[PDB]
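Residue numbers (the authors' numbering): 2 to 573, 593 to 766, 775 to 1011, 1031 to 1051, 1057 to 1365.
Note that beta-carbon positions come from the ideal geometry of N, C-alpha and C, so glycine has one too.
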Amino acid sequence: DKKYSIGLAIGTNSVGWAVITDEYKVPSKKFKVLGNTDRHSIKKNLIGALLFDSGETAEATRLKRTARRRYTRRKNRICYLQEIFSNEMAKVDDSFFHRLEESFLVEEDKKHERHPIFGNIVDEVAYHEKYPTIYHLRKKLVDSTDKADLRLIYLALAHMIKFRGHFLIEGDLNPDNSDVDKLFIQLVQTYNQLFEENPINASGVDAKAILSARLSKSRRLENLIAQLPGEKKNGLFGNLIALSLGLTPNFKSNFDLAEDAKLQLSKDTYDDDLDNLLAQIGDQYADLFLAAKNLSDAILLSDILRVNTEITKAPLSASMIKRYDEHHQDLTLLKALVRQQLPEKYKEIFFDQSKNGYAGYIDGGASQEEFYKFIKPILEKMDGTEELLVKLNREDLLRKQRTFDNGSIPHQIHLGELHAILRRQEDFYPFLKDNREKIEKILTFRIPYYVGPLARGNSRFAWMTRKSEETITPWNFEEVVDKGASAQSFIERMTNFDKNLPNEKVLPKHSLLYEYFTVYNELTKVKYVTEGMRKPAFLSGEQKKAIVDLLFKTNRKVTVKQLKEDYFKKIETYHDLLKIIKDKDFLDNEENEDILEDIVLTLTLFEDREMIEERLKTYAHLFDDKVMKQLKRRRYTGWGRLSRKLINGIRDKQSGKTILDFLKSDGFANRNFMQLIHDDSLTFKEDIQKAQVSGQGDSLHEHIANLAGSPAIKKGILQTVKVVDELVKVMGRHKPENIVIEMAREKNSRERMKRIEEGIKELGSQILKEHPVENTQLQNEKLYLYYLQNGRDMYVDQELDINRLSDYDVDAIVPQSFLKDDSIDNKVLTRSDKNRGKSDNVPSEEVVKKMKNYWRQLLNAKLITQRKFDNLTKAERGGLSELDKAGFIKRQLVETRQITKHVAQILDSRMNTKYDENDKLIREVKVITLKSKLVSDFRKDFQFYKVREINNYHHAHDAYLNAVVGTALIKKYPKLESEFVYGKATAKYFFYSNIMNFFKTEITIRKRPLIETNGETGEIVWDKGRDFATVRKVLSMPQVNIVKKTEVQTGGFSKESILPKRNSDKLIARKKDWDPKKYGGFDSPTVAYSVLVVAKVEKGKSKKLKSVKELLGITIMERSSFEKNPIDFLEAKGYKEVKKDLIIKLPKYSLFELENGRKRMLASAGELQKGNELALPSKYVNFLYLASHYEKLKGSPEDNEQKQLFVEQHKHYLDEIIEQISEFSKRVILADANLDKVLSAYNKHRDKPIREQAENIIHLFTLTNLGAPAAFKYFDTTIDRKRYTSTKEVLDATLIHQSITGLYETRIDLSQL
DNA sequence: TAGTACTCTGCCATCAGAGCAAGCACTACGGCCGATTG
DNA sequence: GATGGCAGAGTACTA
RNA sequence: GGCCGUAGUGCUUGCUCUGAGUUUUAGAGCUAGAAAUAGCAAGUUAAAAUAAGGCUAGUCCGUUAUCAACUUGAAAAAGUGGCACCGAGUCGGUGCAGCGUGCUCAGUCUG
DNA sequence: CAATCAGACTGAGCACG
């Protein structure tokens, strides 16, 4: 038995641990080794770390799941259409659908003719000649009036149904509205006709260009307003224009309606909102609103159709046909031009599929951007290509019909085309006449987002409820699915429970009881003071009732003057429902509170008007039709944090009064919620405690999963809990005195590009147009800041130069000393940092006044954030006060993160379990949490420098230093237990500035005593004479238990790319009947785990059985098949007489010990990884840190000078570091060619400065590392990977099974078996 | 000599968007919210 | 972003 | 620490959808050529699959989390490994074990 | 409103296995 402590450092992919005794010495004990080897014991130190791969989020899995569901539903739609057509298609050509299904088949596999539509070569060729694309067929069917072949009708309908289009725009679209100017003129005419007193003139205004601009919608509206006299924004005409172009205007000010009456044109509720507005004002604005709707349709369509729709009913098909024709003409013209001018490049342009060009554009995979990049210079270096170059510049040269930009086509266009086809062809096909509604339903149906998957009790994600047990098709979806219950369950499965009553659901935020509760809490804490009062007094129950009835039940906002006048002078959600139902006695009654709760619950739950009105039909008799309509109109959003049972259901045992009852009857006490619930005498606390006891706690893994945070952090937490338990078991089941823990704080380029594009569009500038920047270039911090600041200085009014970058200075708004935040939200790029003023405070008031307008504009442009703006304009608010500075200094050392709170609580609950007589938990184990700042400062101050590139020992060293610092600190300052152990401005500032000054011998010059004592107690907390030597000795130990957590690979079967056909055995069939050698397939499977099999194989013509020992990679696809029957799985692979007992399962990162301590880790069944750590001396580590200037220089000039001299005298340490690396590589790495290249590079770059040489030597440790080999770079010379691609040598080595700390092992010698 | 059989080296990885709902964590403020004895 | 798969060129040993 | 009021940012989980992309087949290539080969013509589209697949047969499920070895259990789970000292190139060596009960004394804590 | 002699453990000596 010995008092000991555990120090832990938690990372996303590493967890270090350390056990220390009283004198800060790490123990060392012998451990028994199990297995068949002759080694039965081994000595190890209680210091180490566990490394694992980072956890992942379920986002990719969710995306894959949704895609799978989408594909299934699409096939179901096509099957519905085929089922509709089946009888007549069997009459016409019975094998048509069979031919369609087997199109993906070689000729010998088809049981029908190869041609899929007509089945004979003449007919197929004629059809393809007449309709080169499906859009030709679609336009012909839409426009022509004669009979069409049934197969052709089905083909057009199937294309339309299979590829519908986006559902962003709701309602109906009329493609005939295409002209922008004509509809703008019509709208102006209607406006002038109605508003005769103040007519509006818009002649001479480029309405088409203004409205169809590529800028933002708000910018377009502003431009149109500026170029339009007689009105501005928020006027009637301005609101009409905004409504047409898509913004949501408030028509309240136009007619003084006093209600918002906002209308959105794309929303489904637009018709109801317009009906309400028309009933409010009058019926004479219907023409104007209809004109606005037509203008909106034209505005949104003209950007897509780009064709005249007055002659055809298929505008999209006409656009695709003209795209085809322009493609054809441009191709002919380009062929002629190339033939005439550059005959030698014709082959490489129109025949070579590898290089980009037309051949690679059509036959190859090259996209439109790549084709344009290839073909622009050739067109430029030719004559007669001006119009082709113009089309290229506007991105309209040689365009395919199916492209990426086709995603902006609403499904309403396809629906209109399909309806036109059905209307044309229903006279000749009665079945087409009959099934028109259901075919259109097939095209336009989509499952509501709140209904979810239509399961039948075998899905964990589903929540839908069926009122009838039968197959759900799009035609009886309403009559089978209980939509209201499905939506309510959709909302309720995600809402929280009350924390005080864990089995109780929370109330809606706008619930009436919630409103009364909040108002009563606010009212009971206001102490009135008036004449004739000796001391301030609290309001009584009757006074509060009178005040609530007279003020709260009358006016929305209650103020102190109103309280004094209407009650103290005159005498001495509720309002929203009052103006809707227009009933005061009903709302003030007490027997309809359940009805009111139901009403607010419905309005909160359902966002669809039909659902709200069908749910409220039960209360339709209580009110009138207009009241019901108003109730449907009103909708609330938000959920409270308190349950109804907690607020009003539970009652005190002594008095039989609920919390609301007590709050109403507070009287002179005026005790609030927190008080009511924390009172010892009151039974509310006891009842709350009783409820929380029920359920208790789930498993540790379940609790960690239920925590909120990153999955990688949760994985690290679980590993830390397990290693703590393992160490407790190791140390004899004696729990430690203290557990000191710490936790690290932690396409992006595409996000930056979209953000800058949106900001530039909003601001109306053209900085991107001046010089475009790619995402990779935008990844640079200086460039990103320059582009975010619109190319202008942020502290003074001047212009910055992009070509002059890498020369300015990046200045943080809050100085780095107070807060260490390096994010863009705190960084600012300016020409000179001195413009900000003082360097130890917020930017100066003069600069704030100068740049307030610019910063406001940037915020409105979303270039900077609200927090950034608030930080920048803090000088006006008052700047950085002394209390703020003290808080910033204090928060740099005291951990306050909820994740670390949780972690500490879990460890505390696991460790301390006993209770006293008075049910007071005994703090046997004290959990101390520190930030990384304390340990980092300790390392910098006392020359315990950390270099991350040497090896993985720094995790264990950090854990040990955490233990030492935390234990020493809580011994020296026992009063600091409040802020560290889980369980004035000037004075606070200088207290935390020197909190760690008892470690050091000298301060600022203060001669601190050699032996540090607690004071008031006889405890020695530190001894600079010998404890520093102990820490140095511990950090220089060569043995540290580093464990790579073995895992079984899970995930995708292989690479998702589908390769073309080739005669290789590595291809994987995409379907059971699709031979890879004839259809192509996947490759590169992921190996779940290797299996060691000792068996015999048939070799040679005689098929003699040769005993073989080898590793077999059980891939993810065949893992279940293997585990179901290993014998059959292995026999089918070709091995005979395998041994079930001798089969060994070998997951990833399995460790093997071969010779001279050389260790290899199993990367896969045919690859290995390095498994050895270089224990470089701390003298070499310190020299490398000092010479390399880690984190530049952060020392005094006097101290900086002596370290430079130290490096100068220790020049020769470089050769020894190289010597250590070389001998380690010779003993373990065995990469001879790479070692020779590294040594040659070192010899050739010997004359360069020590700084540069050390900086490059840091890279050489990538050669001698643990894990997968990686390529590094020494100066110019680059050294590639030396991969170990053979697992044959490990079959005679020693397989080590390491526990979670590595102290418990089971060595299995595979050579014997 | 032909045929396996193992080794070294370079290439290569599905990608973009649209809503909706619930929750947490943090920032920035701006107010209320620790017990015992006479 | 990297790290394992794969094709291809290359060299070596045995029937 | 929580609960209100406002505002903002980021992240997580779940659902309904969109456009592409790859793979095979269909869209008769021609002429001079014994043959390779050469010269022309053409190119834009569609069908099907989009993790193999599963049984629970649903317009459902299939890439998250969890997982050293051994023993006992169907499983969930529970068990399995002596200590001190001197040292340090991935851990080595040395030493001990493999004391219990009654009386007096003296020091510390509680009634 | 104002104050914040009995039981257990360790070491020392003697007796028995």
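Contiguous beta strand (DSSP E) elements confined to the segment 1269 to 1333 occur at 1324 to 1326 and 1329 to 1331, taking only those with 3 or more residues.
Contact between the segment 32 to 44 and the segment 52 to 64 is absent: fewer than 3 CB-CB pairs across the two stretches fall below 8 Å. Closest in C-alpha terms to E627, from the list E493, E613, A488 and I737, comes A488. Each of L847, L887, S845 and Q826 was checked against the Cα of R859, and the nearest Cα belongs to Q826. Judged by DSSP in its simplified three-state form, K1200 adopts strand.
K234 is positioned such that its CB atom lies closer than 7 Å to that of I226. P1229 has its alpha-carbon roughly 31 Å from the corresponding atom of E1341. Residue environment for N863: buried (at least 16 other C-beta atoms within 10 angstroms of its C-beta). When secondary structure is reduced to three states using DSSP, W883 falls in the helix class. In the DSSP annotation of this structure, the continuous segment of the alpha helix (DSSP H) that includes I242 starts and ends at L237 to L246. Straight across, the Cα-Cα distance linking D596 with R655 is about 10 Å.
Within the same chain, Cβ atoms closer than 8 Å to the Cβ of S1159 are found at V1146, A1147 and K1148, the five residues on either side in sequence being excluded.
Annotation: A725 to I927 spans about 12 Å, alpha carbon to alpha carbon. The alpha-carbon of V801 is positioned some 22 Å away from that of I376.
A direct Cα-Cα distance of roughly 8 Å separates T310 from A319.
The C-beta separation of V1259 from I978 comes to about 18 Å, leaving the pair out of contact by the 8 Å criterion. If only uninterrupted alpha helix (DSSP H) runs of at least 4 residues are considered, those enclosed by the segment 189 to 239 are 208 to 212 and 218 to 227. Taking C-beta atoms under 8 Å as the contact rule, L857 and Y814 qualify, at a distance of about 6 Å. With contacts defined by Cβ atoms closer than 7 Å, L266 and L244 form a contacting pair. The C-beta distance from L625 to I492 rounds to 5 Å, short enough to fall under 8 Å.
By the C-beta criterion, the segment 279 to 295 is judged not to be in contact with the segment 106 to 124, since fewer than 3 inter-stretch pairs fall below 8 Å.
Runs of the alpha helix (DSSP H) lying entirely within the segment 135 to 166, each at least 4 residues long, are 135 to 144 and 151 to 163 in chain order. For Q544, the closest alpha carbon among the candidates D276, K1124 and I572 is that of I572.
For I376, the three-state secondary structure derived from DSSP is helix. In the DSSP assignment, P431 falls within the alpha helix (DSSP H) that extends over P431 to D435. In the DSSP annotation of this structure, the continuous segment of the beta strand (DSSP E) that includes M1213 starts and ends at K1211 to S1216.
For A1140, the enclosing beta strand (DSSP E) starts and ends at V1139 to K1151. Going by DSSP, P509 is part of the beta strand (DSSP E) stretching over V507 to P509. By the neighbour-count definition (other C-beta atoms within 10 Å, threshold 16), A991 is a buried residue. C-alpha of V391 to C-alpha of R400: approximately 14 Å in a straight line. In this model, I892 and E904 are separated by some 18 Å (Cα to Cα). If you compare the alpha carbons of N899, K755, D853 and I934 with that of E722, the shortest gap goes to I934. Of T1138, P1178, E1189 and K1176, the smallest CA-CA separation from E1150 is found for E1189. Annotation for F498: no alpha helix (DSSP H) segment contains it, and DSSP assigns it neither H nor E. Residues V181, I300, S303 and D304 of the same chain have their beta carbon placed closer than 8 Å to that of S213, with the five preceding and five following residues left out of the count. Take the alpha-carbon of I601 and the one of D207: they are about 49 Å apart.
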